[PDB]
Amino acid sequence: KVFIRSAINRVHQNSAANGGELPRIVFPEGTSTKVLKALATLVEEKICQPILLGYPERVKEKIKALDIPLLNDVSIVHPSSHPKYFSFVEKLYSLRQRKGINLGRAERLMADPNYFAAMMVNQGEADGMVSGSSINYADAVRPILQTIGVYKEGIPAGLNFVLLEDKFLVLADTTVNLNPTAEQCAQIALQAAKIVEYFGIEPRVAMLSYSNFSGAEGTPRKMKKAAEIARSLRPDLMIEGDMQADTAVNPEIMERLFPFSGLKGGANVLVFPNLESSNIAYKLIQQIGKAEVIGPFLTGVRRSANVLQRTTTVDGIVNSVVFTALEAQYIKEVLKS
């Protein structure tokens, strides 16, 4: 409620500090009913320049079918017909020619809106992309990781916000790594923490397990080791584990049962031991928890690109576009430095 309006306003503060320019967000699924309805609400709010990918004739005919006159302008680009199509094909080929992709396969991949979108963002023809409403997560994210890639020492990891009364929680990694090592969960925590700091909040990080400070072999030792590695890398942050999820979020359970712990006031960063636990958790909270859940957002990647969960609603997509715009604005300012 409040959190999403506040992000929208920060987009505007960012934009009025850069000559009124809006980030350009490319959408591979120019024909998606859910994407188009979401774009209707966000064009009224001046959050981004949408670019739709597809056949101009298909896309315009879907726009009027759904009766949304506010999209009669939005840029529409057909990948094969774009002037840069050949340049993009050659650059994908050069990236993948020793990873089993011949030239003709590079052409057919670059004709796919998902690859064309990722290459547009990589080449500065757009500032970000939002994809994945119509296809599964692996299919949508592979072009991004193949084309944009991860920044140095970074790790691709999905991140979700749980919006509670007077507080948000950050959950990660909800989408990418099946079974991260201790070193990977430490890095996932570091990425999640800098996101929390961007919002003016102190990150307090819990490495989750089924155990409370046992350190037994398997995930308890892994999450205990992840906390130690992370604490070494950010000695200023509260980072703790291994601990159970209720121990983590509830400060009264922590202090009563584990008062030696370095984590006071409840964790707002929840790093998971495997993909089963992160993925089932955010989805169950979203369905039954009666709290808004936004994301997942792809962290660790060089440019702003987020893959929607296939189960997303229209309002989900709205929320994801807003934060993709913020991400796009922030990355463009680091690159100016």
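In case it trips you up, residue 1 is the first one in the sequence shown, and so on.
- 12 to 20 and 315 to 323 differ in mean CA B-factor, and the higher of the two is recorded for 12 to 20.
- The PDB entry reports B-factors from which the mean C-alpha value can be compared for 53 to 61 and 303 to 311; the larger average falls on 53 to 61.
- Ranking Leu71, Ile239, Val130, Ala118 by Cα temperature factor from the entry places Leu71 first.
- The entry assigns its greatest Cα B factor, within the set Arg221, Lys99, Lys167, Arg142, to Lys167.
- In this PDB entry, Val26 carries a Cα temperature factor that places it within the middle third of its chain's modelled residues.
- Looking at the C-alpha B-factors along this chain, the one for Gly289 belongs to the highest third.
- Annotation for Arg204: C-alpha temperature factor in the lowest third relative to the rest of the modelled chain, per the entry.
- For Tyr137, the recorded CA temperature factor ranks within the lowest third of the chain's modelled residues.
- Compared with the other modelled residues of the chain, the Cα B-factor recorded for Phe213 ranks in the lowest third.
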